[PDB]
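Neighbour counts run over all protein chains shown; Cβ positions are idealised from the backbone, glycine included. Nothing in this text is a laboratory measurement; each read-out follows from the coordinates by a stated rule.
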Amino acid sequence: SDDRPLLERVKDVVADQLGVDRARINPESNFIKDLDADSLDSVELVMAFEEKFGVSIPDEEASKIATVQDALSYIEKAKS
Ligand code: NA
Ligand SMILES: [Zn+2]
Ligand SMILES: [Zn+2]
Ligand SMILES: [Zn+2]
Ligand SMILES: [Zn+2]
Ligand SMILES: [Zn+2]
């Protein structure tokens, strides 16, 4: 009914994968621009969202997961 638990858990994956200070992670955080995600970091992060949330993110959708919000919205829609 609100996105708070899934936002918490998305930020958990972002923090585990990228190692950045949790305080820096917000819905508008862009993985490449803000958190210095390189191409390898990005593939692994996508795969972690897939494993952690039991969702599928094919390469055509993966390219569009730019931000924390994108990932949250995608997962929410996948589970709907
Ligand atoms: Na494809
Ligand atoms: Zn947590
Ligand atoms: Zn963890
Ligand atoms: Zn991999
Ligand atoms: Zn977006
Ligand atoms: Zn939502």
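Here is how the numbers come out for the structure above:
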{"read-out": "Failed condition for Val43, given (1) more than 15 Å from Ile65 (Cβ to Cβ); (2) of a type outside the set (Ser, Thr, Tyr); (3) in contact (Cβ under 8 Å) with a residue 12 or more places away in the chain", "value": "(1)"}
{"read-out": "Test: residue in segment 32-50 that is within 16 Å of ligand 6 (Cβ to nearest atom) and not in a helix (DSSP H, G or I)", "value": "no"}
{"read-out": "Restricting segment 56-75 to residues that are more than 12 Å from the chain's Cα centre (by Cα) and not polar (S, T, N, Q), the residue that is farthest from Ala15 (Cα to Cα)", "value": "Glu60"}
{"read-out": "Test set (1) assigned to a helix (DSSP H, G or I); (2) without any contact (Cβ under 8 Å) to a residue 24 or more places away in the chain; (3) touching a helix residue (DSSP H, G or I) at 6+ places or on another chain (Cβ under 8 Å) - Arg9 fails condition number", "value": "(2)"}
{"read-out": "Qualifying residue in segment 69-77 (condition: in contact with a strand residue (DSSP E or B) (Cβ under 8 Å, 6 or more places away or on another chain) and buried (at least 16 other Cβ atoms within 10 Å of the Cβ))", "value": "no"}
{"read-out": "Scan of segment 1-58 for residues that are over 13 Å from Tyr74 (Cβ atoms), of a type in the set (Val, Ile, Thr) and out of contact with any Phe, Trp or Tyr (no Cβ under 9 Å at 6 or more places or on another chain), ordered by number", "value": "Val20, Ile25, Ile32, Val43"}
